[PDB]
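Asker: give me a 3D structure for the following:
(7 chains, ligands or ions: 5)
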Amino acid sequence: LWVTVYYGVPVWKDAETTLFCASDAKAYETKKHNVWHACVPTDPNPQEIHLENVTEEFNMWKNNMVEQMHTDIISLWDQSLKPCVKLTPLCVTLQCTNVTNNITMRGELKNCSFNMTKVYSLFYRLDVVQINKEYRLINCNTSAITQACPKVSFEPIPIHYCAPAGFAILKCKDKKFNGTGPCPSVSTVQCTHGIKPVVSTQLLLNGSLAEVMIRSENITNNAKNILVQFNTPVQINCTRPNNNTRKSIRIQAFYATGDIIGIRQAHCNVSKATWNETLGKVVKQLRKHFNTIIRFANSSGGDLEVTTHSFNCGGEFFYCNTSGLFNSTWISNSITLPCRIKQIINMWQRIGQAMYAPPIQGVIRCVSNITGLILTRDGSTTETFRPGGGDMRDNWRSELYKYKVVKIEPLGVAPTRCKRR
Amino acid sequence: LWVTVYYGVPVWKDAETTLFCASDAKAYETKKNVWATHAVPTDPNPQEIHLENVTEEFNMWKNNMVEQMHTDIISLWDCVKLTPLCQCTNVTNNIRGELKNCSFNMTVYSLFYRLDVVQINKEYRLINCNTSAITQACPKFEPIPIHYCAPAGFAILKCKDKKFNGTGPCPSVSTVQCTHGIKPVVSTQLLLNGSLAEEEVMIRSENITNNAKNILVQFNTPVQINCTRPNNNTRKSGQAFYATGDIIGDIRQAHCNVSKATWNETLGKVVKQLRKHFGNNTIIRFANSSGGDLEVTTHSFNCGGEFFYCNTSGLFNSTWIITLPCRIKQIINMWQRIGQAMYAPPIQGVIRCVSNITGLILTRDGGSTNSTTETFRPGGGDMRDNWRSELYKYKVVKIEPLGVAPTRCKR
Amino acid sequence: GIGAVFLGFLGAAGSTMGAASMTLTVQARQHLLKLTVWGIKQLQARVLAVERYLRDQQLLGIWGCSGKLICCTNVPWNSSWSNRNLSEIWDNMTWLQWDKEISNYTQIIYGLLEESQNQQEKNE
Amino acid sequence: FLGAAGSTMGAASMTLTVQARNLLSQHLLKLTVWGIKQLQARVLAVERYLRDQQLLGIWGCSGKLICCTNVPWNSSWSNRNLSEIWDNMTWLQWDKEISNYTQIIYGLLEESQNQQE
Amino acid sequence: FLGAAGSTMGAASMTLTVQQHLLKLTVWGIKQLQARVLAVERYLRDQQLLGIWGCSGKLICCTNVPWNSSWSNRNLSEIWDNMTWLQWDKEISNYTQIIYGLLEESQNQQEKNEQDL
Amino acid sequence: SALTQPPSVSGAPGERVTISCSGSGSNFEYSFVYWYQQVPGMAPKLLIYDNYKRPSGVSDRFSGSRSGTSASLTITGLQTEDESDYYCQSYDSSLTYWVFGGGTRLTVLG
Amino acid sequence: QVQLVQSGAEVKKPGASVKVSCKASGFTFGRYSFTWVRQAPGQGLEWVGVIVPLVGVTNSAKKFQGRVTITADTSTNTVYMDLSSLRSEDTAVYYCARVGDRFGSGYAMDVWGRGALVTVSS
Ligand SMILES: *[C@@H]1O[C@H](CO)[C@@H](O[C@@H]2O[C@H](CO)[C@@H](O[C@@H]3O[C@H](CO)[C@@H](O)[C@H](O)[C@@H]3O)[C@H](O)[C@H]2NC(C)=O)[C@H](O)[C@H]1NC(C)=O
Ligand SMILES: *[C@@H]1O[C@H](CO)[C@@H](O[C@@H]2O[C@H](CO)[C@@H](O[C@@H]3O[C@H](CO)[C@@H](O)[C@H](O)[C@@H]3O)[C@H](O)[C@H]2NC(C)=O)[C@H](O)[C@H]1NC(C)=O
Ligand SMILES: *[C@@H]1O[C@H](CO)[C@@H](O[C@@H]2O[C@H](CO)[C@@H](O)[C@H](O)[C@H]2NC(C)=O)[C@H](O)[C@H]1NC(C)=O
Ligand SMILES: *[C@@H]1O[C@H](CO)[C@@H](O)[C@H](O)[C@H]1NC(C)=O
Ligand SMILES: *[C@@H]1O[C@H](CO)[C@@H](O)[C@H](O)[C@H]1NC(C)=O
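Answerer: Numbering: from 1, shown residues only, chains lettered A, B, ... in the order given. Ligands and ions are numbered 1, 2, ... in the order given. For reference, the structure is listed below:
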């Protein structure tokens, strides 16, 4: 016999292609200032062509969308800090005073006053460091801080991901799918679901909803972080009960925090019963990989972005304990979390570079979904799972665990019993 | 034999097309907009594929890219439009020459130059207001490489041979996906930041044997020219009539410094090359432009945001077998057109920019005397020739991959 | 648009190679400014897809297939490539399975096609 | 893309495929106008290619690179030794020798295919 | 191709073989670009159609399926000679789907016979 | 802002050993801890970072963890190629200056 | 293949100044950083300084305050350290270590140069 060519038969080969963002019309229209760049709107025509007798070896810890889509955030966020004004000359020998007009806070705020080219300002204990009543910012000299423009905000905006022609996205739809290995239902879609650039540590705020699943590059390994997606959301409401006063100083214009209207610390709240129920569902799912002894201890230590629970709330960035949610021990058979506020923050663990959060006026309140947890197995009594997080990559992997980019080669050959002339 | 078609045969033809610019990545870095830094900022990736045993003749004269790019800069060249159609005294606070200040009423005073203003009949006026409805340009000149990449139907060839002197088959030809750092030299009778050859200085002209057309000269040893603008002035402004403020300090005119030793070495090599194509007996002489307006006689170029009409009387001062003051007026009739101004704002503080002389524009005199001697004089005015010194080793060829030839075959 | 064509070729992946054969012939058949920018990327992607379809067509052109779909060629299939009978190779396998085993020999086959066509036209 | 342009005719006959697949060869507004030039260029490439393809299409080739015909070459379009044609007669000069006859060849080819039909 | 409209098919066949100011420019530049692409894509779909019938960009093709009298038919001479044929489609317009089927079937049987032989 | 280490700890081949790293200052509780393995003549090589993450291509026998205000590096199955100096580093983000521990010496019996 | 090549060993008279250079090996500065660590012979290494070429920010240890100059050049992918007023206390090997990854998101010291040995003797 001989060989024959068939231009068009389905063929796959794993490869990496540069995808492009995808957005919505009304969503794009609602873009005051730059709460987050014009993006292509996608026609709501989800092909979702469910394939039959199909099986492609998905993967999540070697996926290339995560490294891709994380890079998109970095470049976009760098542009969010470009047009704004540097605060290079802003820092000078301060005259802060431990003024406590009201106590909830416990003297967290400071009545800072600088001899600018003589105005007072408020700064929490985090954003200022004592020097030797003289103080200075944590890192202005031998460092670089750029304040965000006051007009812009930082509320997440949903983003879809679509591949160019010649590359198709395979989406796994199996209900039970730990992340690796073959997936039975492989639905081919061009534009994925509403990925959310949620910026948060171990507590995944308001992401996609899952049974609770346990996903890990290697459980036997203590190094890799364990992602747990919740089947049922847990409401979290967290408020800043202080009306902030924004004073503009013509230096360019710095935005100092003026005296607060009437002082209660920012605080988060969690329904203790619902949290207790979900955690049992977690510990019951963990025991599948393991009866045994399970203990939860709070974050062991490290930077303030990991020791606590960092998240964004209406253009303000909160650091709060999680000792009130990870203190338990489980065998086979509302909660309020204290917080802190920081305005000079260096997200993504970058040295030198950092952004100054402009003040936001009034009492700040926000509500979100606790849908995912990041746990770190400790180094055979019990396996204490402390909350880790840290690397910003993981919070993407809780959404992109069910997508891959494949190159299609419609060309193909076959040894058919046929001959040319 | 039978005709058989061939597709993809490497065959091209001499063609003319409107090429597309491909600016470098630094277009937005210096995009203050600048007429030269304007963004197609396509990544200029050069691929110089060499060829073998093939030679074709270029023609730098009567070329297409010479005028194709000439209009491209014009479009890039073309804010507030004044037309100030609606009293002065000599100022000698600290005297070379004397500047002048004109007192006027705006709907004050303005510090002009002697050449910039013309008396009316003391009272002076703007030289360009009565002639035409002049238009002061934007207050907001950085040349940048613009690597030309041909569209997919065309290719750019280069003459890798360094002995090409203007016309004739070049031995080594290498096709070029994207050209080298061609820059807007934008100057008269002198190349600035030009291209350096790697052999003896080269001579080239359309009909060298004749005085009809200009003579183009290549250099190998650059020369540094320093010019300074040490003055401070303010700005006066719906009806934005932008004049100049008072001079803060001494009333000093601009001046320039020119080297001597290197310039002397260059001329001898030029003389030697002229000896090559003229004989070993005739006397070579240098003089001045016994004609032509300020833009032709004076060496005009860009430096520190201002254009200096530097005074080249001293350079062509020789006969064969130190600092030349620059003489500036604010009117910039750069594309030799009645109507345009480019009234550039006066920069504050000294400049002393770094220059790079790489070429000359010389014009022969008449043929009054036979075989005795001839005088070479500075030239310019049509800076079309000015850009011919960068693309002389480049051409665009329309690939015609279809080809036909006979052979003995059937079907 | 050509964009849907490619994953249209991917519509029936698990089907038998025989099944895909007939289905192949069946397969042979400020808001203004923001609207300007989206016009580019929507257009930029589509023209890119066109080049993709031409490149495969041109690749099909070098071999003796012109622009047809179910093409045939007279180059022998040596048993060295996946010795296995023609009976089952069209019913109980899948294209994804087929090429994965072949993926060790794609380039040699394509090269083997080039001169196979090439010799035919000269001595024709 | 040209490659061995001045090489022997026989040399070009081998490398016609050109390595197969390689043969084809204010801020908002400033960024937009740059895109138009880019896209206008690429489509201009495709349109030129198809017209050439269709031009082959009228003839009995339809995109087969080398393609024999049924038109006997008349011994009048400045013919020389057949060996010299594939020994030193390089392609480019071979064009200039033909020059005017291409229109004759184009016209001659058209009728032969039609009378075949 | 549009200019040739309004002529007989004998006349058409021969003619066939030969065949902010910135804001206005940037938007209607896209539309002009938008039309150019739909020229190429619409061309390819036709080429795909002519592919399965057995032509593949031969323009004046041919096929071995007869013209049944069930379709609107007259003396062939008048169709070629005097009948403007922009109106000829109006005759064969509701018959234009089934006839493609016969074109579709003809090639499939033709290749199958070639496949056997 | 000062880190303390044991001077020297030796281990028999094939056994498990641990090394402490205790540093004063509440900032020690607000800053990471790394560990560096350093051949007595060569350049340092990264061993563990972010207190539990192994860089790609490092032996799985290395793993450490935090414990309140101290750090610890644990090695399972010590061989005769693991004798070197081990340095624990605490990157004070606020003050923006790294601090290196004194250096603990490990020797394999043989 | 990613390496931090260095200059050779140096011997300097006390009271002078030393210049040490480090060059990239196939990458630009991008968003990475660079840092310098010195190790006295027979002694645990110690920190010296740090620079971020992307923003041109610097810092150094308190002990070497006013004695160290940290420089960078984006043209040739090189970072030079200029330590002033050498004494016997600075007789040490000086490594230049890379910091971070493709996003500058790290803090560790993963890629290390070979090490330049600066000797101060009388
Ligand atoms: C998931 O992680 C575990 C470790 O937590 C991996 O097990 C490890 O597998 C490696 C080999 O890939 C073992 O290294 C070798 O061990 C043998 C003795 O078993 C030794 O003779 C060799 O010289 C070498 O050291 C390692 O010891 C072993 N560790 C444990 C605790 O099991 C497992 O392979 C990982 N699996 C995945 C998903 O990659
Ligand atoms: C996580 O949980 C641990 C224990 O489960 C908590 O440990 C406590 O950490 C605080 C840190 O401020 C300790 O207070 C400090 O203790 C040192 C000891 O010398 C003292 O010098 C300081 O002045 C300050 O009082 C506290 O003692 C410690 N608890 C106990 C029982 O010792 C930790 O706070 C929880 N949260 C985090 C973010 O680690
Ligand atoms: C995080 O929460 C823990 C406990 O929830 C706080 O630790 C307490 O610190 C005080 C200070 O002396 C001790 O008296 C308490 O005993 C500690 N709690 C427990 C349960 O032992 C810690 O302060 C919180 N984080 C911050 C930054 O304040
Ligand atoms: C820099 O700031 C610190 C306080 O953060 C201060 O102690 C020091 O004197 C300042 N000067 C230097 C060394 O840059
Ligand atoms: C060029 O100069 C020569 C010699 O003077 C003259 O005969 C010829 O006509 C001129 N024209 C050309 C060829 O440019």
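
Asker: specify the beta-bridge partners of the closest residue to residue A:367 other than its chain neighbours.
Answerer: What sits nearest to residue A:367 in space, not counting adjacent residues and going by Cβ to Cβ, 6 or more residues apart in numbering or on different chains, is residue A:237, at 4.6 Å. Where you see a C-beta, it was placed from the backbone N, CA and C, and this is true even at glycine. Residue A:237 has the following beta-bridge partners by DSSP bridges: residue A:269, residue A:367.

Asker: distance of residue A:237 from residue A:269?
Answerer: 5 Å (Cβ to Cβ, to the nearest Å).

Asker: got it, and residue A:348?
Answerer: According to Cβ to Cβ, residue A:348 stands 28 Å off from residue A:269.

Asker: can you pick out the residue with more neighbours from these two?
Answerer: Neighbour count, other Cβ atoms under 10 Å in any protein chain shown: between residue A:348 and residue A:269, residue A:348 has more, with 19 against 15.

Asker: mind listing what that one touches?
Answerer: Residue A:348 makes contact with A:74, A:392, G:103, G:105, according to Cβ atoms under 8 Å, 6 or more residues apart in numbering or on different chains.

Asker: residues near the residue in chain C positioned nearest to ligand 1, how many?
Answerer: Closest residue of chain C to ligand 1, Cβ to the nearest ligand atom: residue C:100 (23.1 Å). Counted with other Cβ under 10 Å, residues neighbouring residue C:100 total 13.

Asker: so it versus residue A:56, what's the distance?
Answerer: Noted for residue C:100: a distance of 11 Å to residue A:56, by Cβ to Cβ.

Asker: please apply the same query to residue C:59.
Answerer: Per Cβ to Cβ, residue C:59 is found 25 Å from residue A:56.

Asker: same question, residue A:71
Answerer: Computed as Cβ to Cβ, the residue A:71 to residue A:56 distance reads 25 Å.

Asker: quick one, which of these two is more surrounded?
Answerer: For residue A:71 and residue A:56, the more surrounded residue by other Cβ under 10 Å is residue A:56, and the numbers stand at 18 against 12.

Asker: thought residue A:188 was touching that one, still the case?
Answerer: No. Contact criterion Cβ atoms under 8 Å: residue A:56 and residue A:188 do not qualify, at 9.7 Å.

Asker: which parts of chain C sit against chain E?
Answerer: Listed as neighbours of chain E in chain C under the rule Cβ under 8 Å from any Cβ of the partner chain: C:1-2, C:25, C:28-29, C:32, C:36, C:39-40, C:43, C:46-47, C:50, C:53, C:66-69, C:72.

Asker: residue contacts, residue G:41?
Answerer: So residue G:41 contacts G:91, G:92, G:93 (Cβ under 8 Å, 6+ apart).

Asker: which of the residues you listed sits closest to ligand 1?
Answerer: Taking Cβ to the nearest ligand atom as the measure, residue G:93 is the one of the contacts of residue G:41 closest to ligand 1, at 32.6 Å.

Asker: my guess is the closest one meets residue G:114, correct?
Answerer: No. Residue G:93 is not in contact with residue G:114 according to Cβ under 8 Å; the separation is 9.5 Å.
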